[PDB]
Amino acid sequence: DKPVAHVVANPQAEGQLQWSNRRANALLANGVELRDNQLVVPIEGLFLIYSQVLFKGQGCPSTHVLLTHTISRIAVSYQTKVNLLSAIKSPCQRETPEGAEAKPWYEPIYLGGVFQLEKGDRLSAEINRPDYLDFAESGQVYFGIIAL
């Protein structure tokens, strides 16, 4: 009877993090809505909120890239946006003047925490570079919430 959601990246969405519950082993029950790529809370309460993203690259080309993942809360019904959880990662410290190269790298980021939410609040799980995501398979990219 608890509101719950476990949504995954839609692998047909090219260059975007599009969440989807249309998968076996994914959930969107008891009031939680997926609207505008956001999770809308059905009741006020304490919620465990979490998400994982997986980035992938092929070597460290010429310069440098920071990868971010954040879960924001947008309170009320069109109020402000505020970050609840956030992480940053840098895949390449270096890779310069020729030689050999071109080795793929993978980098997972996990975020998870317990928060007091009000009915109607909207949650967003967002990354800066959707073009570096890897949802080539599995339980590699996901976002969920469960009322506690």
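Start at 1 and count along the sequence shown; that's the residue number.
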When the Cα temperature factors in the entry are averaged, is it 130 to 138 or 19 to 27 that ends up higher?
130 to 138
When the Cα temperature factors in the entry are averaged, is it 46 to 54 or 33 to 41 that ends up higher?
33 to 41
Based on what the PDB entry reports, which of 108, 59, 120, 113 has the top C-alpha B-factor?
59
By the record's CA B-factor, is residue 89 among the lowest, middle or highest third of residues in the chain?
middle
Name the third of the chain's ranked CA B-factors that contains residue 125, choosing lowest, middle or highest.
lowest
